[PDB]
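All remarks here apply to the structure that follows.
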There are 2 protein chains.
Amino acid sequence: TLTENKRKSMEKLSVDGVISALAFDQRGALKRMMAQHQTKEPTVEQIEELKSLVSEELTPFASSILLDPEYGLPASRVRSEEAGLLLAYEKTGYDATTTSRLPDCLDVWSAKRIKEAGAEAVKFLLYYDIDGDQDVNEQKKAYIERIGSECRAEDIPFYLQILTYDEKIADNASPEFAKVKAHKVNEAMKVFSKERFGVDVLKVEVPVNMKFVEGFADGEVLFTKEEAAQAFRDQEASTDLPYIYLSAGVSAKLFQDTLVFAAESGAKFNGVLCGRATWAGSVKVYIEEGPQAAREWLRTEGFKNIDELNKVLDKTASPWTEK
Amino acid sequence: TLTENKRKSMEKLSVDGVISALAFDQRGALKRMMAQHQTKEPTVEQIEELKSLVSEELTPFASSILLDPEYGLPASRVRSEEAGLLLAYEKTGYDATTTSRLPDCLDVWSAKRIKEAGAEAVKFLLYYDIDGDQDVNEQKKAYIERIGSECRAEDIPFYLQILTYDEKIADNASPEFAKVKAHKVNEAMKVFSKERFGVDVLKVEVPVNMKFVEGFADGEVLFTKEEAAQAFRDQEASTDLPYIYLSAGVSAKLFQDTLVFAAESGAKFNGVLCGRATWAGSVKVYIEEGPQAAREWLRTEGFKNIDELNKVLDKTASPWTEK
Ligand SMILES: [Ca+2]
Ligand SMILES: [Ca+2]
């Protein structure tokens, strides 16, 4: 169920019950991309400006935009008046020396402060290995309970992003991980759909690596179209919450093709929180050719990208209202 | 204002609006006391047992008991039927290699789990130097906001304990700290009485080191009685929340005389969360003579301490229900 304010907030993040959200809370990742044509270390001014350019030019075509409080608050204030705002709550990345990947909130932030900054949702990223250390997962579950409680008190939607992994499989893109991905994703969704975690929307991976599915694979084939289709249906059955897809390790085209396949298979996903593929190109242009060039790229190539995505969403997504 | 459930919980922790609570969530501190008396490391069983003995013998004379989830859950189950339960939420102690003393919740606990474990309040201890690093304090304030929000969502009273310190003063028993203690205590109370922190009751230090007050001092005198009295009045004017005193491990007699002085000075404190001043002597007995001897100490010296404290509370404390 949703409280009146949470419902209203959800409405501000979507169009006709579909979430077509632009993800741009990248921090370290964006800086690194920038580093790729580096006269110097990329500045705070540069990072914040590029987020503002993307926000200004592309949010007229997105139902909402996800930003980080570190670099993204200026960008958040210049978003289209028709677009809602989500703010990221987690610290980026994880310790590569250990396998625990424990969650940690931004040090001077709280759900209250996120709401005060104008957000209509709190977004939090959790790494979860359902088969991992039981004590680690207990600590993780407790952490999410806390955040869910915060969001209930502040009456602001809780968007929980889950990225799955295996403590013992180094590469998420490996065939080894592909074989267990459906299990990692769908079981994690079952866990955090439980009422006690206070989640309003799940941001999740597609439950299969399409690069190993028949018809989509350029190399080894691990799954038939039917087995992949069943994974999407299993995922649909793993939660009664609204859920939306993230894009990871795939091109814009493959992602869009996957949304088509997802819908064809019977998945009732309620939209996406996608970004990188849409605005990636603007980054090279911005560093090299300046902000005015980047603005033009976003107005042209940028619009093309997000518009193609929206037209795919129009024929594949299902409304969260239709619960 | 209290919600219906918070009020009911406050009622279970109090009698006629006065909190006569027994504090025994000590961990590191208890371990240190125990250290003073034996060769070996204290065992889990010994810590759990002594906590259960104090709970069994003394909670018939307290309106509630504060315990720690780590060693205190068995003790919580054998408390008097008439006594309420608070559970601690913070990890014990602080990092002595730095001056920030940052707060940290127990890893596998949440406010929801504390409530599920039968507690009628969440207690959290924060070290705070009002004059300290501003970024450190911003992080501390954000952290308390989160907990206050949790407690609002779970509809469970939030007891915030504040222990003051100075980043540049090593010993809080020193005359140097004594001269700034009132400032540290009263300004901290003011800050954490702000609505945004969601506190229901403050557990605080008396705003004076009584050992340096004329009439109480056996050595150097830093303060006249009128100056000490004014600090208590300043404290009363620093919050409109209920507040209760901790004993800080002074003698039972000095704590009792302090409460009388507080009341005479004009402090409208609403009770105590008193630990060491009551049961401290049981530790030596339990270690050296065993549980039965400790039980007999509690039934005699322990009772005498808490009985005389209750008599003093009866004539000094002010009801929270008058608010
Ligand atoms: Ca107020
Ligand atoms: Ca007052």
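Convention: sequence-line order gives letters A, B, ...; per-chain numbering from 1. Scope of the values below: all heavy atoms of this structure, side chains included, with no hydrogens, waters or symmetry mates.
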Option in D107(A), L102(A), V108(A) with maximal non-hydrogen atom pairs under 4.5 Å from chain B: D107(A)

Who among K141(A), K112(A), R113(A) has the most heavy-atom pairs with chain B under 4.5 Å?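 Of the options given, most contacts go to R113(A).
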
Taking NZ, NE, NH1 and NH2 as the nitrogens, is one of them in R101(A) or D95(A) under 4.0 Å from a carboxylate oxygen of the other? no

Electrostatic pair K8(B)-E120(B), nearest N-O below 4.0 angstrom: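 Between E120(B) and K8(B) there is no salt bridge, as every charged N stays at least 4.0 Å from the carboxylate O atoms.
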
Taking only distance into account, with no hydrogens and no angle test, what donor-acceptor pairs under 3.5 Å do side-chain atoms of residues 68-78 of chain A form with protein atoms, sequence neighbours excluded?
from: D68(A); atom 1: OD1; to: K51(A); atom 2: NZ; distance (Å): 2.7
from: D68(A); atom 1: OD2; to: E70(A); atom 2: N; distance (Å): 3.4
from: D68(A); atom 1: OD2; to: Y71(A); atom 2: N; distance (Å): 2.7
from: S76(A); atom 1: OG; to: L73(A); atom 2: O; distance (Å): 2.6

Spacing of [atom1] belonging to [X] relative to [atom2] belonging to [Y], to within rounding of 0.5 Å:
{"X": "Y159(A)", "Y": "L241(A)", "atom1": "OH", "atom2": "CG", "answer": "11.5 Å"}
{"X": "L106(A)", "Y": "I114(A)", "atom1": "CG", "atom2": "CD1", "answer": "7.0 Å"}
{"X": "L85(A)", "Y": "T59(A)", "atom1": "CG", "atom2": "OG1", "answer": "10.5 Å"}

Just wondering, are more than 12 heavy atoms of other shown residues or ligands nearer than 6.0 Å to NZ in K323(A)? yes

Report, as yes or no, whether the 6.0 Å neighbourhood of atom OH on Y94(A) holds more than 12 heavy atoms from other residues, nucleotides or ligands. no

Have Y243(B) and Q235(B) got a donor and an acceptor in their side chains that come within less than 3.5 Å?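 Side chains of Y243(B) and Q235(B): no pair found under 3.5 Å.
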
Are there residues of residues 147-154 of chain B whose heavy atoms fall under 4.5 Å of chain A's heavy atoms? If so, which? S149(B), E150(B), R152(B), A153(B), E154(B)

Taking only heavy atoms into account, what residues of residues 186-198 of chain A are found under 4.5 Å from chain B?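 Result: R196(A).
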
Of all residues at least two apart in sequence or in a different chain, which pass the side-chain hydrogen bond (donor to acceptor under 3.5 Å, both in side chains) check with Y143(A)?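 Result, side-chain hydrogen bond (donor to acceptor under 3.5 Å, both in side chains) vs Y143(A): none returned.
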
